[PDB]
């Protein structure tokens, strides 16, 4: 089901737009927003917090358990809205977190659930997934909320059709991605991204980790030179995700190749940075631009998993919903 779900990304964008239009005039997102989630939903929370800041607001993201047990170490301050993100809407930690919150609560989930019952409003984006690994729901949740955020902040709406078609372009790379997995049997991998693409790198790494029971890491693009690069050699694939690369990116690619690693560049640029593999995606509004990158990293993780005889639908030791 994992592959089928990744391929439903284009439709997920359309479903998200529909939900946005249904609730847009029922809730107005404020300036100070706290985002809470676990696992992939935490990485989505980080992404939402980032785009909130990008558009002039003040967003902070924290893992549910850190809010539950160590909130004093985080710069939360006054919260005008608390957003709880949970694909299942049943994760014990998010429910525990929200019951401690008194301010307005907005839930983001795929279904009517325990979560929606404890929130004042909710974005129920029906990007249903049977797989334990979150795929198109991440992308769909992001778009639905982004539309709502832009709307609340007085910005023009994004073109859902254009963005959905952009993800169809990402899916055209399926065979090429399969070829990467077939031609280079990497033993570990590093995902790199800056700004909005950093949370995407974190999510990408988790996809690879869950689906492939793999050694995968993720870092803000240039932070990797600070010790982290020591574990990259001829058995490593480095995935650099960048919208508009500059000289430092070319130097970084060269640096990794000098260590023997192979480099895959996913960008919105026609520039040759010296990469071994290249995936060019349609450039969109800066805030929506990360969307087409998700299906690419999801497909890469899926095919690497299959190449190891693993079942991405039900990774060993994992539960679909973490409960306590």
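Positions refer to the first chain, counted from 1.
Averaged over Cα atoms, the B-factor as recorded in the entry is higher for 160-168 than for the other of 160-168 and 235-243.
Stretches 260-268 and 26-34 differ in mean CA B factor, with 26-34 having the higher one. Take 65, 41, 52, 285 and read off each C-alpha B-factor from the entry; 285 has the highest. When the C-alpha B factors of 142, 176, 121, 198 are read from the deposited coordinates, the top value falls at 121. Sorting the modelled residues of the chain by their CA temperature factor places residue 279 in the middle third. In the PDB entry, residue 59 places in the middle third of its chain by CA B-factor. When the modelled residues of the chain are ordered by C-alpha B-factor, residue 306 sits in the middle third. In the deposited entry, the Cα temperature factor of residue 90 sits in the bottom third of values across the chain's modelled residues. When all modelled residues of the chain are sorted by CA temperature factor, residue 112 is found within the highest third.
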